file upload-v7.cif (mmCIF, N, CA and C atoms)
data_model
loop_
_atom_site.group_PDB
_atom_site.id
_atom_site.type_symbol
_atom_site.label_atom_id
_atom_site.label_comp_id
_atom_site.auth_asym_id
_atom_site.auth_seq_id
_atom_site.Cartn_x
_atom_site.Cartn_y
_atom_site.Cartn_z
ATOM 1 N N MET S 1 -64.744 22.658 35.122
ATOM 2 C CA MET S 1 -63.323 22.235 34.929
ATOM 3 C C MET S 1 -62.550 23.325 34.182
ATOM 4 N N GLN S 2 -61.228 23.252 34.244
ATOM 5 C CA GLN S 2 -60.367 24.253 33.645
ATOM 6 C C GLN S 2 -59.695 23.696 32.384
ATOM 7 N N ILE S 3 -59.773 24.448 31.289
ATOM 8 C CA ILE S 3 -59.001 24.102 30.114
ATOM 9 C C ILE S 3 -58.243 25.314 29.723
ATOM 10 N N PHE S 4 -57.364 25.145 28.749
ATOM 11 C CA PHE S 4 -56.445 26.204 28.337
ATOM 12 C C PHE S 4 -56.526 26.342 26.842
ATOM 13 N N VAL S 5 -56.249 27.539 26.375
ATOM 14 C CA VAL S 5 -56.267 27.804 24.958
ATOM 15 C C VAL S 5 -54.998 28.533 24.676
ATOM 16 N N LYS S 6 -54.212 27.957 23.791
ATOM 17 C CA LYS S 6 -52.898 28.506 23.511
ATOM 18 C C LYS S 6 -52.975 29.322 22.255
ATOM 19 N N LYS S 11 -49.120 32.916 24.385
ATOM 20 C CA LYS S 11 -49.762 33.515 25.559
ATOM 21 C C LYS S 11 -51.025 32.730 25.938
ATOM 22 N N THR S 12 -50.904 31.777 26.852
ATOM 23 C CA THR S 12 -52.023 30.860 27.123
ATOM 24 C C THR S 12 -53.110 31.466 28.040
ATOM 25 N N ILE S 13 -54.391 31.217 27.743
ATOM 26 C CA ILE S 13 -55.513 31.751 28.573
ATOM 27 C C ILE S 13 -56.249 30.621 29.266
ATOM 28 N N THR S 14 -56.861 30.907 30.390
ATOM 29 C CA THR S 14 -57.542 29.866 31.116
ATOM 30 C C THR S 14 -59.007 30.114 30.916
ATOM 31 N N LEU S 15 -59.728 29.076 30.533
ATOM 32 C CA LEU S 15 -61.176 29.162 30.506
ATOM 33 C C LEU S 15 -61.689 28.164 31.534
ATOM 34 N N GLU S 16 -62.800 28.491 32.183
ATOM 35 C CA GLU S 16 -63.480 27.516 33.036
ATOM 36 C C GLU S 16 -64.809 27.134 32.408
ATOM 37 N N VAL S 17 -64.963 25.850 32.124
ATOM 38 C CA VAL S 17 -65.994 25.401 31.213
ATOM 39 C C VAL S 17 -66.715 24.237 31.821
ATOM 40 N N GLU S 18 -67.938 24.009 31.386
ATOM 41 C CA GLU S 18 -68.592 22.756 31.679
ATOM 42 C C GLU S 18 -68.171 21.782 30.592
ATOM 43 N N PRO S 19 -67.999 20.516 30.970
ATOM 44 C CA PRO S 19 -67.641 19.415 30.082
ATOM 45 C C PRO S 19 -68.550 19.376 28.877
ATOM 46 N N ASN S 20 -69.776 19.873 29.025
ATOM 47 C CA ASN S 20 -70.720 19.823 27.926
ATOM 48 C C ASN S 20 -70.925 21.162 27.226
ATOM 49 N N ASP S 21 -70.124 22.177 27.540
ATOM 50 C CA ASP S 21 -70.208 23.422 26.785
ATOM 51 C C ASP S 21 -69.946 23.183 25.307
ATOM 52 N N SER S 22 -70.661 23.929 24.472
ATOM 53 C CA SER S 22 -70.488 23.823 23.029
ATOM 54 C C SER S 22 -69.240 24.529 22.555
ATOM 55 N N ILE S 23 -68.757 24.108 21.398
ATOM 56 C CA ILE S 23 -67.621 24.804 20.807
ATOM 57 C C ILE S 23 -68.011 26.279 20.554
ATOM 58 N N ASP S 24 -69.266 26.589 20.231
ATOM 59 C CA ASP S 24 -69.699 28.003 20.128
ATOM 60 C C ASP S 24 -69.408 28.790 21.429
ATOM 61 N N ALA S 25 -69.690 28.163 22.575
ATOM 62 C CA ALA S 25 -69.426 28.837 23.857
ATOM 63 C C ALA S 25 -67.942 29.032 24.072
ATOM 64 N N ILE S 26 -67.111 28.070 23.695
ATOM 65 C CA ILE S 26 -65.652 28.243 23.900
ATOM 66 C C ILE S 26 -65.139 29.357 23.000
ATOM 67 N N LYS S 27 -65.637 29.428 21.770
ATOM 68 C CA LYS S 27 -65.231 30.537 20.892
ATOM 69 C C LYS S 27 -65.677 31.897 21.398
ATOM 70 N N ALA S 28 -66.846 31.963 21.990
ATOM 71 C CA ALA S 28 -67.286 33.216 22.588
ATOM 72 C C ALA S 28 -66.383 33.652 23.743
ATOM 73 N N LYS S 29 -65.907 32.715 24.558
ATOM 74 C CA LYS S 29 -65.017 33.048 25.659
ATOM 75 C C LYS S 29 -63.670 33.501 25.134
ATOM 76 N N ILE S 30 -63.201 32.875 24.072
ATOM 77 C CA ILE S 30 -62.003 33.368 23.418
ATOM 78 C C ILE S 30 -62.205 34.767 22.833
ATOM 79 N N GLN S 31 -63.377 35.034 22.257
ATOM 80 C CA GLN S 31 -63.682 36.345 21.702
ATOM 81 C C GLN S 31 -63.646 37.378 22.782
ATOM 82 N N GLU S 32 -64.140 37.042 23.970
ATOM 83 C CA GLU S 32 -64.146 38.026 25.064
ATOM 84 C C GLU S 32 -62.738 38.410 25.497
ATOM 85 N N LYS S 33 -61.819 37.447 25.433
ATOM 86 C CA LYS S 33 -60.470 37.659 25.905
ATOM 87 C C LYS S 33 -59.549 38.194 24.808
ATOM 88 N N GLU S 34 -59.753 37.749 23.573
ATOM 89 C CA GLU S 34 -58.809 37.984 22.499
ATOM 90 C C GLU S 34 -59.324 38.940 21.429
ATOM 91 N N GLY S 35 -60.646 39.110 21.403
ATOM 92 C CA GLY S 35 -61.304 39.996 20.448
ATOM 93 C C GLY S 35 -61.547 39.390 19.070
ATOM 94 N N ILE S 36 -61.194 38.111 18.894
ATOM 95 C CA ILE S 36 -61.379 37.411 17.620
ATOM 96 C C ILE S 36 -62.818 36.931 17.461
ATOM 97 N N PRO S 37 -63.489 37.315 16.358
ATOM 98 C CA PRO S 37 -64.870 36.848 16.191
ATOM 99 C C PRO S 37 -64.905 35.361 16.043
ATOM 100 N N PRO S 38 -65.933 34.740 16.596
ATOM 101 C CA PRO S 38 -65.937 33.266 16.557
ATOM 102 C C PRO S 38 -65.748 32.686 15.152
ATOM 103 N N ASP S 39 -66.337 33.343 14.162
ATOM 104 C CA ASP S 39 -66.201 32.890 12.786
ATOM 105 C C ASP S 39 -64.795 32.966 12.239
ATOM 106 N N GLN S 40 -63.914 33.683 12.932
ATOM 107 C CA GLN S 40 -62.522 33.749 12.526
ATOM 108 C C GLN S 40 -61.620 32.865 13.363
ATOM 109 N N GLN S 41 -62.199 31.991 14.188
ATOM 110 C CA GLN S 41 -61.397 31.099 14.995
ATOM 111 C C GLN S 41 -61.512 29.694 14.467
ATOM 112 N N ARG S 42 -60.359 29.068 14.332
ATOM 113 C CA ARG S 42 -60.240 27.653 14.010
ATOM 114 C C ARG S 42 -59.628 27.043 15.253
ATOM 115 N N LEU S 43 -60.338 26.106 15.873
ATOM 116 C CA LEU S 43 -59.895 25.478 17.124
ATOM 117 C C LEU S 43 -59.535 24.063 16.845
ATOM 118 N N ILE S 44 -58.396 23.632 17.378
ATOM 119 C CA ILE S 44 -57.908 22.277 17.144
ATOM 120 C C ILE S 44 -57.587 21.580 18.443
ATOM 121 N N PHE S 45 -57.938 20.300 18.529
ATOM 122 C CA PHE S 45 -57.499 19.549 19.667
ATOM 123 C C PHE S 45 -56.993 18.228 19.116
ATOM 124 N N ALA S 46 -55.744 17.903 19.406
ATOM 125 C CA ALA S 46 -55.213 16.600 19.022
ATOM 126 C C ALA S 46 -55.389 16.366 17.525
ATOM 127 N N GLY S 47 -55.191 17.414 16.732
ATOM 128 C CA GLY S 47 -55.167 17.314 15.277
ATOM 129 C C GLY S 47 -56.530 17.354 14.607
ATOM 130 N N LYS S 48 -57.562 17.446 15.430
ATOM 131 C CA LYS S 48 -58.925 17.425 14.967
ATOM 132 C C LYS S 48 -59.496 18.827 15.154
ATOM 133 N N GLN S 49 -60.128 19.320 14.105
ATOM 134 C CA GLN S 49 -60.768 20.614 14.178
ATOM 135 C C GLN S 49 -62.124 20.466 14.876
ATOM 136 N N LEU S 50 -62.378 21.388 15.799
ATOM 137 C CA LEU S 50 -63.536 21.335 16.686
ATOM 138 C C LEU S 50 -64.661 22.148 16.062
ATOM 139 N N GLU S 51 -65.847 21.603 15.933
ATOM 140 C CA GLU S 51 -66.863 22.298 15.145
ATOM 141 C C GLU S 51 -67.924 23.019 15.962
ATOM 142 N N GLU S 52 -68.147 24.283 15.599
ATOM 143 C CA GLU S 52 -69.366 24.966 15.987
ATOM 144 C C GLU S 52 -70.481 23.943 15.807
ATOM 145 N N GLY S 53 -71.213 23.610 16.872
ATOM 146 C CA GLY S 53 -72.256 22.590 16.754
ATOM 147 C C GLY S 53 -72.277 21.494 17.824
ATOM 148 N N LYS S 54 -71.079 21.133 18.279
ATOM 149 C CA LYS S 54 -70.718 20.014 19.168
ATOM 150 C C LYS S 54 -70.162 20.542 20.501
ATOM 151 N N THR S 55 -69.943 19.658 21.480
ATOM 152 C CA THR S 55 -69.489 20.069 22.794
ATOM 153 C C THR S 55 -68.090 19.538 23.085
ATOM 154 N N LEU S 56 -67.485 20.061 24.136
ATOM 155 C CA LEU S 56 -66.183 19.563 24.575
ATOM 156 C C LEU S 56 -66.286 18.056 24.870
ATOM 157 N N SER S 57 -67.373 17.639 25.520
ATOM 158 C CA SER S 57 -67.525 16.232 25.865
ATOM 159 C C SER S 57 -67.610 15.324 24.623
ATOM 160 N N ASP S 58 -68.150 15.808 23.516
ATOM 161 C CA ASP S 58 -68.157 15.087 22.236
ATOM 162 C C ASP S 58 -66.759 14.764 21.722
ATOM 163 N N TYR S 59 -65.772 15.574 22.087
ATOM 164 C CA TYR S 59 -64.381 15.391 21.650
ATOM 165 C C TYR S 59 -63.526 14.789 22.749
ATOM 166 N N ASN S 60 -64.161 14.394 23.850
ATOM 167 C CA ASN S 60 -63.452 13.825 24.994
ATOM 168 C C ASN S 60 -62.379 14.779 25.532
ATOM 169 N N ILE S 61 -62.673 16.072 25.483
ATOM 170 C CA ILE S 61 -61.759 17.070 26.008
ATOM 171 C C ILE S 61 -61.994 17.171 27.492
ATOM 172 N N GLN S 62 -60.993 16.813 28.268
ATOM 173 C CA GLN S 62 -61.143 16.868 29.710
ATOM 174 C C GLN S 62 -60.243 17.960 30.300
ATOM 175 N N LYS S 63 -60.224 18.006 31.629
ATOM 176 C CA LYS S 63 -59.475 18.973 32.402
ATOM 177 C C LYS S 63 -58.043 19.127 31.868
ATOM 178 N N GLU S 64 -57.594 20.375 31.833
ATOM 179 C CA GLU S 64 -56.195 20.693 31.559
ATOM 180 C C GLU S 64 -55.803 20.512 30.098
ATOM 181 N N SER S 65 -56.793 20.262 29.247
ATOM 182 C CA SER S 65 -56.518 20.143 27.841
ATOM 183 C C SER S 65 -56.083 21.490 27.342
ATOM 184 N N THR S 66 -55.273 21.486 26.301
ATOM 185 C CA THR S 66 -54.894 22.733 25.671
ATOM 186 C C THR S 66 -55.347 22.745 24.227
ATOM 187 N N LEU S 67 -56.286 23.644 23.951
ATOM 188 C CA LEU S 67 -56.793 23.748 22.603
ATOM 189 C C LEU S 67 -55.829 24.653 21.937
ATOM 190 N N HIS S 68 -55.690 24.473 20.638
ATOM 191 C CA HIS S 68 -54.754 25.306 19.919
ATOM 192 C C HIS S 68 -55.558 26.214 18.988
ATOM 193 N N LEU S 69 -55.295 27.494 19.144
ATOM 194 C CA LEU S 69 -56.060 28.482 18.442
ATOM 195 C C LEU S 69 -55.292 28.974 17.237
ATOM 196 N N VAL S 70 -55.919 28.850 16.071
ATOM 197 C CA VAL S 70 -55.463 29.485 14.823
ATOM 198 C C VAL S 70 -56.482 30.479 14.198
ATOM 199 N N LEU S 71 -55.980 31.582 13.631
ATOM 200 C CA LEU S 71 -56.829 32.578 12.946
ATOM 201 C C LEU S 71 -57.111 32.132 11.518
ATOM 202 N N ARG S 72 -58.323 32.396 11.062
ATOM 203 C CA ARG S 72 -58.806 31.886 9.791
ATOM 204 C C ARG S 72 -58.701 32.906 8.655
#
call {"tool": "encode", "arguments": {"input": "upload-v7.cif", "output": "structure tokens"}}
result
Amino acid sequence: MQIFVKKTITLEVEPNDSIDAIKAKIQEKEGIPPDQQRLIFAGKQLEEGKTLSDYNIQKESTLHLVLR
């Protein structure tokens, strides 16, 4: 499925990919080390450790990226 991370980027992810994997894909595109990324969805910070499916993040969601 396709999700977005807001200059918005498109990632193609499995519903069960870990937040570590999403940060790595952002690192590949943006150059930000995963440890310097704070990811938020719907006001909730997404944790290294858990998956997109744990947060009920489905297709077309837009994660919001902040630098730490």
call {"tool": "resolve_selection", "arguments": {"input": "upload-v7.cif", "expression": "the PyMOL selection byres (((chain S and resi 56-71 and name CA) around 8) and name CA)", "output": "PyMOL selection string"}}
result
chain S and resi 1-6+19-23+40-45+50+54-55+72
call {"tool": "select_by_dssp", "arguments": {"input": "upload-v7.cif", "residues": "chain S", "states": "strand (DSSP E or B)", "output": "list in words"}}
result
residues 2, 3, 4, 5, 13, 14, 15, 16, 22, 41, 42, 43, 44, 45, 48, 49, 55, 66, 67, 68, 69, 70 and 71 of chain S
call {"tool": "select_by_dssp", "arguments": {"input": "upload-v7.cif", "residues": "chain S", "states": "alpha helix (DSSP H)", "output": "PyMOL selection string"}}
result
chain S and resi 23-34
call {"tool": "atom_distance", "arguments": {"input": "upload-v7.cif", "atom1": "atom C of residue 16 of chain S", "atom2": "atom C of residue 47 of chain S"}}
result
21.9 Å
call {"tool": "atom_distance", "arguments": {"input": "upload-v7.cif", "atom1": "atom C of residue 26 of chain S", "atom2": "atom CA of residue 52 of chain S"}}
result
9.3 Å
call {"tool": "atom_distance", "arguments": {"input": "upload-v7.cif", "atom1": "atom CA of residue 51 of chain S", "atom2": "atom C of residue 24 of chain S"}}
result
9.4 Å
call {"tool": "decode", "arguments": {"input": "upload-v7.cif", "residues": "segment 2-40 of chain S", "atoms": "N, CA, C and O atoms", "output": "short mmCIF file (atom, residue, chain, number, x, y, z; two decimals), in the first residue's frame"}}
result
data_model
loop_
_atom_site.label_atom_id
_atom_site.label_comp_id
_atom_site.auth_asym_id
_atom_site.auth_seq_id
_atom_site.Cartn_x
_atom_site.Cartn_y
_atom_site.Cartn_z
N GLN S 2 0.28 2.39 -0.35
CA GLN S 2 1.00 3.64 -0.46
C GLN S 2 0.65 4.56 0.71
O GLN S 2 -0.52 4.77 1.03
N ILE S 3 1.68 5.10 1.37
CA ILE S 3 1.45 6.14 2.35
C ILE S 3 2.32 7.28 1.99
O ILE S 3 3.17 7.17 1.09
N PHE S 4 2.14 8.38 2.70
CA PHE S 4 2.83 9.63 2.38
C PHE S 4 3.45 10.16 3.65
O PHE S 4 3.06 9.83 4.76
N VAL S 5 4.52 10.90 3.48
CA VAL S 5 5.20 11.48 4.61
C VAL S 5 5.43 12.91 4.23
O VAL S 5 6.06 13.22 3.20
N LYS S 6 4.90 13.79 5.06
CA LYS S 6 4.96 15.21 4.75
C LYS S 6 6.09 15.83 5.52
O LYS S 6 6.21 15.54 6.69
N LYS S 11 7.04 19.39 1.19
CA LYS S 11 7.44 18.53 0.07
C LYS S 11 7.13 17.06 0.38
O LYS S 11 7.93 16.37 0.99
N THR S 12 5.97 16.58 -0.04
CA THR S 12 5.53 15.24 0.39
C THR S 12 6.19 14.09 -0.40
O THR S 12 6.35 14.20 -1.63
N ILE S 13 6.56 13.00 0.27
CA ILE S 13 7.20 11.83 -0.40
C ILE S 13 6.29 10.62 -0.35
O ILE S 13 5.41 10.52 0.52
N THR S 14 6.43 9.72 -1.30
CA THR S 14 5.56 8.57 -1.32
C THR S 14 6.41 7.41 -0.90
O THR S 14 7.53 7.24 -1.38
N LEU S 15 5.91 6.64 0.05
CA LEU S 15 6.55 5.39 0.39
C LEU S 15 5.57 4.28 0.05
O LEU S 15 4.35 4.47 0.17
N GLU S 16 6.08 3.14 -0.39
CA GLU S 16 5.23 1.96 -0.55
C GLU S 16 5.61 0.91 0.48
O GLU S 16 6.74 0.44 0.52
N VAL S 17 4.65 0.55 1.31
CA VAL S 17 4.94 -0.14 2.55
C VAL S 17 4.02 -1.32 2.69
O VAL S 17 2.95 -1.34 2.10
N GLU S 18 4.44 -2.30 3.47
CA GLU S 18 3.51 -3.32 3.90
C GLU S 18 2.85 -2.79 5.16
O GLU S 18 3.48 -2.10 5.97
N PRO S 19 1.56 -3.11 5.32
CA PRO S 19 0.75 -2.75 6.48
C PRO S 19 1.44 -3.11 7.77
O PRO S 19 1.22 -2.47 8.79
N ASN S 20 2.30 -4.13 7.73
CA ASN S 20 2.97 -4.57 8.94
C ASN S 20 4.43 -4.14 9.03
O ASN S 20 5.13 -4.60 9.91
N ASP S 21 4.90 -3.28 8.13
CA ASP S 21 6.25 -2.74 8.28
C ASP S 21 6.40 -2.01 9.61
O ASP S 21 5.49 -1.30 10.06
N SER S 22 7.59 -2.14 10.19
CA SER S 22 7.88 -1.47 11.46
C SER S 22 8.15 0.00 11.26
O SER S 22 8.52 0.47 10.19
N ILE S 23 7.96 0.76 12.33
CA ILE S 23 8.31 2.17 12.28
C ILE S 23 9.82 2.31 11.97
O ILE S 23 10.20 3.24 11.27
N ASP S 24 10.68 1.40 12.42
CA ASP S 24 12.10 1.42 12.02
C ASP S 24 12.27 1.40 10.48
O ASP S 24 13.08 2.14 9.91
N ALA S 25 11.47 0.55 9.82
CA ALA S 25 11.55 0.48 8.35
C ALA S 25 11.08 1.77 7.71
O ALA S 25 11.65 2.20 6.72
N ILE S 26 10.04 2.39 8.25
CA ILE S 26 9.56 3.66 7.64
C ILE S 26 10.61 4.75 7.83
O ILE S 26 10.91 5.49 6.92
N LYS S 27 11.25 4.79 8.99
CA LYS S 27 12.33 5.77 9.19
C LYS S 27 13.52 5.54 8.28
O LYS S 27 14.13 6.46 7.79
N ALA S 28 13.85 4.29 8.02
CA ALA S 28 14.92 4.01 7.07
C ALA S 28 14.58 4.49 5.66
O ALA S 28 15.46 5.03 4.99
N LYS S 29 13.33 4.36 5.23
CA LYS S 29 12.93 4.82 3.91
C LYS S 29 12.96 6.33 3.85
O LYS S 29 13.35 6.93 2.85
N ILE S 30 12.57 6.99 4.93
CA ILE S 30 12.74 8.43 4.99
C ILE S 30 14.21 8.84 4.96
O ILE S 30 14.56 9.84 4.32
N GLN S 31 15.08 8.08 5.64
CA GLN S 31 16.51 8.36 5.64
C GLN S 31 17.05 8.26 4.25
O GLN S 31 17.86 9.07 3.88
N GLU S 32 16.58 7.28 3.48
CA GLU S 32 17.09 7.12 2.11
C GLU S 32 16.74 8.31 1.22
O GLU S 32 17.53 8.73 0.36
N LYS S 33 15.57 8.90 1.46
CA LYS S 33 15.08 9.98 0.63
C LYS S 33 15.53 11.35 1.14
O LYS S 33 15.87 12.21 0.34
N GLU S 34 15.61 11.52 2.45
CA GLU S 34 15.79 12.82 3.06
C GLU S 34 17.15 13.02 3.71
O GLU S 34 17.50 14.11 4.07
N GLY S 35 17.82 11.90 3.98
CA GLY S 35 19.14 11.90 4.60
C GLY S 35 19.14 12.05 6.12
O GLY S 35 20.21 12.05 6.74
N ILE S 36 17.95 12.09 6.73
CA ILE S 36 17.81 12.23 8.18
C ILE S 36 18.00 10.88 8.88
O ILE S 36 17.30 9.94 8.58
N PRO S 37 18.94 10.80 9.84
CA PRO S 37 19.13 9.51 10.52
C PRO S 37 17.90 9.15 11.29
O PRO S 37 17.25 10.01 11.87
N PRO S 38 17.59 7.86 11.32
CA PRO S 38 16.32 7.49 11.98
C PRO S 38 16.18 8.03 13.41
O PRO S 38 15.08 8.45 13.83
N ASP S 39 17.29 8.06 14.14
CA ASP S 39 17.28 8.58 15.49
C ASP S 39 16.97 10.05 15.60
O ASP S 39 16.66 10.53 16.67
N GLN S 40 17.03 10.76 14.47
CA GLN S 40 16.67 12.17 14.46
C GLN S 40 15.30 12.42 13.88
O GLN S 40 14.96 13.59 13.61
#
